[PDB]
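So the structure is just underneath, and the comments pick up after that.
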Amino acid sequence: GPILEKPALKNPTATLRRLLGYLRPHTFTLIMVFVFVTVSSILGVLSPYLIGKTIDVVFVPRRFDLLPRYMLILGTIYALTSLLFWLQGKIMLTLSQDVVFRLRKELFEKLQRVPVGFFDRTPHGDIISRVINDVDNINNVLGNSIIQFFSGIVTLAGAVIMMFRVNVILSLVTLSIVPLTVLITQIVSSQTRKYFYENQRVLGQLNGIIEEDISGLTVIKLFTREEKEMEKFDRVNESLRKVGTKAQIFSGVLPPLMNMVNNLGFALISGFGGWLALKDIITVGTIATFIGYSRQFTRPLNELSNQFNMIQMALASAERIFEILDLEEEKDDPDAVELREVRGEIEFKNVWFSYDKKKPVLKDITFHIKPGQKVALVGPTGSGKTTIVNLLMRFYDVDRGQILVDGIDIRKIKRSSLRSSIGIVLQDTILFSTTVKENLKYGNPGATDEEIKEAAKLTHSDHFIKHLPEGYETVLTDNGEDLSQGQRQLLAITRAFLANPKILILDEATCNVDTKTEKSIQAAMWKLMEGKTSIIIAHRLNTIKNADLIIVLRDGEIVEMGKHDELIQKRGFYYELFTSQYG
Amino acid sequence: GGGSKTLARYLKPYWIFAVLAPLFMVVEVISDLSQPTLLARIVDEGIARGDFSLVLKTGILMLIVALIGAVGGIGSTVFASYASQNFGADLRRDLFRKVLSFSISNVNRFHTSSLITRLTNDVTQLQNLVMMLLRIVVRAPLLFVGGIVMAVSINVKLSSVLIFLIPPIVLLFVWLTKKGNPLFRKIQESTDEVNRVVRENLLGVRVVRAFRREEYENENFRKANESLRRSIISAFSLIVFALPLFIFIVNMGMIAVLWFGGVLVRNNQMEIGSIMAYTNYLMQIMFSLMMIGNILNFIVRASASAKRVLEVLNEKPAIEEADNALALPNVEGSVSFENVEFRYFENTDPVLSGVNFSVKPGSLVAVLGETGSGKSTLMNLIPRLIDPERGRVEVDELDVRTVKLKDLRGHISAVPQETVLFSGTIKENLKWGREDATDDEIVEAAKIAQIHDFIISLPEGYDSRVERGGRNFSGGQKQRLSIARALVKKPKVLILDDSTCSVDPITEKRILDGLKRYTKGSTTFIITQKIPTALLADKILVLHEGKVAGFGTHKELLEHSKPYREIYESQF
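So the sequence lines, in the order shown, correspond to chains B and A. Using the entry's author numbering, you'd call the opening residue of the first sequence number 10 and step up by one each time. Using the entry's author numbering, you'd call the opening residue of the second sequence number -2 and step up by one each time.
Right under this line is the structure:
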């Protein structure tokens, strides 16, 4: 509705020019239009002038032979007017719908390139919401409010130029509503915005109480809170009741007030005009023409103010969008090497990592994993074993220290090669709204529809896949909502198989998993891990026993390291972390 | 069958406001329809007759009419605002008071997302529809019809032209509507797909980036983006055509008023000024008609909301307390299930079936099972949140159905796996069990729950600020904050769901240890799928596929209960 505050544009002219570059390849087509609006706007201010003549010429001196000469002049001007409106709109449609097609491409690509940090820091909704609105604001102004503004400038000056060269006295009588219109509109537009917000406050509070109470309804009854919740609602509703009224009056008094200006105009043009015809100073046709300009000084003036603000808000939305297009992207340094076929050894040398750079997350983490070795990562919430994953795929970079796979530092390996030799299954697995086959194929593009079946067989997933309504071609709508969590985990495992990595990071949940699938997924973990280095964030007893190393973690520090029997025999933080679990 | 509840009840106490509105509107329409007539008379009786008095007097008279229509229009906006607002409050309050009495059976019927959108969006949609009816559903049809009557009264013969301007437009409107409506849907379809693509590339950035397949999503986004460019360039090419066509006809009928009006002045039937007037009334009919066009398009949608809002008021509460129900001063805490058969939706398979067990006051039973074994139905059955199809649920060998709910439920605390906190301070949230609870009482239970340390590491500690739904805290912090809030209640039955598993840092075991110390004189169920979680418990109820598999200790169960061996084999 009402705008909150004028946009804080960091040098608009700079962003204006850059914006003025997106519509450079269609300049000729843009200049063609800008003269259509012109002649359509002029032809607009003409018609009330011609009807003045037709009255002065054909009607008053009865010369109705001259009639069809005039009614052919108008009748064609009309037809052209609606011929330009069509073109100066249909042309603008494809042109403006083309500009924002590009920005969608460009934005979405930056999404693919920008650090995983920008995603991790801000909620997903708030970014789509603000981007998609800042794009619509660009589209709307471009394919409407620009030409709607410009047009009304012509039409305004046009209808004024003409108005004065016919008669000045009357011109000063009718333009004496432009002081009224602007005085009214602004008074009324203060109160509206004030109350619009005052209301938007109380009301958003109300929907808070509403959305939150419906979500945790279960919890409201369990505690008997009904009367108390009711009273909390009630107090906010009687509040809303009083403001919503003030907000509603003041936002709907302009049309009736604008009509009042539209009729006061029509009465000075009839009262002075008709008293200027008695003095033989103007003609009746002349009166009819100014009636044709009376309503050209109210809403058209209002459409002018609002379209300006809409442009202004679009310039700011540009500046936001431009900045997203200026974000740095991930680049593989020119020296970056392709991964030589190694069984994959990993080594961290005194690594320190902080997300916010103020609250340290990892401290001096040092170790070395040799090929074919299964390693276990144990520790509480904030242990820092969940942060390891992102540093081995180099989604984030190490503040101090260095990581390296097979000797070579990760920050000097190709991000493309790196992530191919390293596969990954997470607790929060991700599937796609495509068919089943498409999901499993995703890891390996050039996969056959036999390897998919064959590799689905080994990992126990092929069974339930063939029991799904559409079989292997079952669309997983809403990302597998109609699937058992075990089964989803099973599928996510099978697709990491086809990507045939030489290093595998794992993280298998156990919580909404039925025991039956549980036997299946742990068997599949097995077949996935053989012939592969496997660092594991384990939640199972059957993997921390048969592990080849166990790095116990705490406060982002390495408290212990060794095998099962040893770390129990040391009776340290592992022991507590073990015996107060499986004891 | 359905319900006889009707939104007209809510506008009824404000009927004074609802008639003053359209009446103050007819004042405006008349005031608006008088202006062109007084122009013909200005010329056809005053310019063309040399009376300055006439022109002066009917010049003044026009001002006085123009100001009246404002008092009219403003007045009709002040009143229809009072009416539409009051109405909205009242319908919204009744709606909320309905969702407060709903049960789990009800909040499953409408989905919970929908329930909200009705209680918010729809209440405002209807609130608009009322405002609309009371002012421009009176304005637009009077200006239309009134304009025609004036036209005809000016000169019956020229009116014939109305039968050649009015049907082409009404055809234009219907044709657009029947042909535009499926294409704007086709826009929403393609918008959705763009949203979908962009979302999944944010939700799953870490997968597609890892699988070196970003370009497949660029290919996947192009299909969305092109499907959107086409669905819009089409549906908006109609609009961009209809409007200018509409203006032409409106303009082409102007021609028919000057042409045909040129012959009526000749053949001495029609004054010159009455042609001027006639043109104005021609306009006031043609744009008014267009307003009526826009109005209907609003009605059909606003219509849908009135259906959904009516549903929520015609829904009946699935859990009713008997008129002569027993009060429960205290509760010992025995908990028994005779032949309970339970099912959430009347289409699926029984989540429970012939479930039998009994628990003595103060027991610490572990309700072990995998997901789907109906273990988690306990939470919803013991406090009467759902009634079972067959079987009784009993608390203190009383049937649950037979006792006052505020009594029964005030003695049970549940700690569901999905938890919800409410906008205020933490100390306000925790006192949800008892308002008269003292700081020490609150801290006692916060400590057992393993959260007093974290809360106290906050700038304002207990008086720290909780944001809506508990969005500011972590899941595990919500989990324990919910446990601490359960424990302030002094429940006689206490139901915790150790499922899902989130979260544990070892501090889980610390909680169950501290529970023993205060469940002293209180029954406690603990729904888990973890064996070690079931070993602290004095006894283990095992559920498998809705039937009880075994009710006893680890060793007994290790023998018979084939489900329990199988589970035990999965974990160890």
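No residue lacks a Cβ here, since even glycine has one placed at the ideal position from N, Cα and C.
Return yes when the Cβ of residue j is within less than 7 angstroms of the Cβ of residue i, no when it is not.
i                    : j        : result
residue 7 of chain B : B/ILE258 : Since the first residue shown for chain B is 10 and the last is 592, residue 7 of chain B is missing from the structure and cannot be characterised.
B/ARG563             : A/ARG209 : no
B/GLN106             : A/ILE229 : yes
B/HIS476             : B/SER529 : no
A/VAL485             : A/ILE439 : yes
B/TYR302             : B/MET172 : yes
B/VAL46              : B/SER198 : no
A/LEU173             : A/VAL26  : no
B/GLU354             : B/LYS423 : no
A/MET22              : A/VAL135 : yes
B/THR390             : A/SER567 : no
A/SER28              : A/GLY56  : no
A/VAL539             : A/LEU365 : yes
A/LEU112             : B/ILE229 : no
Please classify residue i: is it buried, with 16 or more other beta-carbons within 10 angstroms of its beta-carbon, or exposed?
i        : result
A/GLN82  : buried
B/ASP408 : exposed
A/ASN469 : exposed
B/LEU112 : buried
B/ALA532 : exposed
A/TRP12  : exposed
B/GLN316 : buried
A/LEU455 : exposed
B/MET41  : exposed
B/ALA17  : exposed
B/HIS472 : exposed
A/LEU159 : buried
Thinking residue i and residue j are a contact (beta carbons under 8 angstroms), I'd like their distance in whole angstroms, please.
i        : j        : result
A/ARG398 : A/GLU335 : Contact doesn't hold; Cβ gap of about 13 angstroms is too wide.
A/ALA546 : A/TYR565 : About 12 angstroms separates the two Cβ atoms, so there is no contact after all.
A/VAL332 : A/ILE379 : 6 angstroms
A/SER496 : A/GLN476 : Rounded, the Cβ-Cβ distance is 11 angstroms, inconsistent with contact.
A/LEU97  : B/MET570 : With a Cβ gap of about 56 angstroms, A/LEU97 and B/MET570 do not count as contacting.
For the candidate residues the options, whose alpha-carbon lies nearest to that of residue i?
i                      : options                                   : result
A/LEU325               : A/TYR278, A/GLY407 and A/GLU367           : A/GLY407
A/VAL297               : A/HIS449, A/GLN185, A/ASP41 and A/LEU126  : A/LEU126
B/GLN214               : B/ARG234, B/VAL46 and B/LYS241            : B/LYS241
A/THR422               : A/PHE257, A/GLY56, A/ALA363 and A/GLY467  : A/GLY467
B/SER430               : B/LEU500, B/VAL262 and B/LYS541           : B/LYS541
A/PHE548               : A/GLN32, A/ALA239, A/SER231 and A/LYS372  : A/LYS372
A/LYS401               : A/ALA37, A/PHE14, A/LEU323 and A/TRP429   : A/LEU323
A/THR121               : B/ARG27, B/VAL434, B/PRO124 and B/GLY253  : B/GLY253
A/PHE522               : A/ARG507, A/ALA442, A/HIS541 and A/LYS357 : A/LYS357
A/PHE76                : A/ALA15, A/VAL24 and A/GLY85              : A/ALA15
B/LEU39                : B/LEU83, B/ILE156, B/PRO21 and B/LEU334   : B/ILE156
B/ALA508               : B/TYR451, B/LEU485 and B/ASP487           : B/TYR451
B/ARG174               : B/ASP65, B/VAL245, B/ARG78 and B/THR298   : B/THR298
A/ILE252               : A/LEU8, A/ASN277, A/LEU491 and A/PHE233   : A/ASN277
A/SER78                : B/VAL262, B/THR131 and B/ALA505           : B/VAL262
A/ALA446               : A/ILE480, A/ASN118 and A/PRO33            : A/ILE480
B/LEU550               : B/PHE281, B/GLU569, B/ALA518 and B/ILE567 : B/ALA518
B/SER589               : A/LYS536, A/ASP433, A/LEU532 and A/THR109 : A/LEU532
residue 591 of chain A : A/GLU425, A/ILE272 and A/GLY472           : Residue 591 of chain A lies beyond the stretch modelled for chain A, which goes from -2 to 569, so this question has no answer here.
Return yes when at least one heavy atom of the ligand ATP lies under 6 angstroms from the C-beta of residue i, else no.
i        : result
B/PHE232 : Among the components modelled here there is no ligand, and therefore nothing to report on the ligand ATP.
Where in the region 399 to 430 of chain A do unbroken runs of the alpha helix (DSSP H), each at least 4 residues long, occur, reported from the N-terminal end onward? DSSP runs (the alpha helix (DSSP H)) wholly in the region 399 to 430 of chain A: 402 to 406 and 423 to 427.
Handout entry: Ordered list of alpha helix (DSSP H) runs contained in the region 315 to 354 of chain B, each at least 4 residues
Key = Counting only runs of 4 or more, we get nothing.
| said: If we require 4 or more residues per run, which alpha helix (DSSP H) segments fall completely within the region 236 to 321 of chain A? | reply: If we require 4 residues or more, the alpha helix (DSSP H) runs fully inside the region 236 to 321 of chain A come out as 270 to 311.
(request) Please list the segments of the alpha helix (DSSP H) lying wholly inside the region 361 to 394 of chain A, counting only runs of 4 or more residues, in order along the chain. (result) As far as the region 361 to 394 of chain A is concerned, its whole alpha helix (DSSP H) runs of at least 4 residues are 374 to 378.
TODO: Run through the region 197 to 249 of chain B for me and flag every whole beta strand (DSSP E) of 3 or more residues, listed as ranges in chain order.
DONE: If only uninterrupted beta strand (DSSP E) runs of at least 3 residues are considered, none is enclosed by the region 197 to 249 of chain B.
Unbroken alpha helix (DSSP H) runs of length 4 or more, entirely within the region 107 to 140 of chain A: which are they?
Entirely contained in the region 107 to 140 of chain A, the alpha helix (DSSP H) runs reaching 4 residues are, in chain order, 109 to 114.
task = Please specify which runs of the alpha helix (DSSP H), each continuous and at least 4 residues long, are wholly inside the region 468 to 498 of chain B, giving them in chain order.
result = Restricting attention to alpha helix (DSSP H) runs no shorter than 4 residues, the region 468 to 498 of chain B encloses them at 471 to 474, ordered along the chain.
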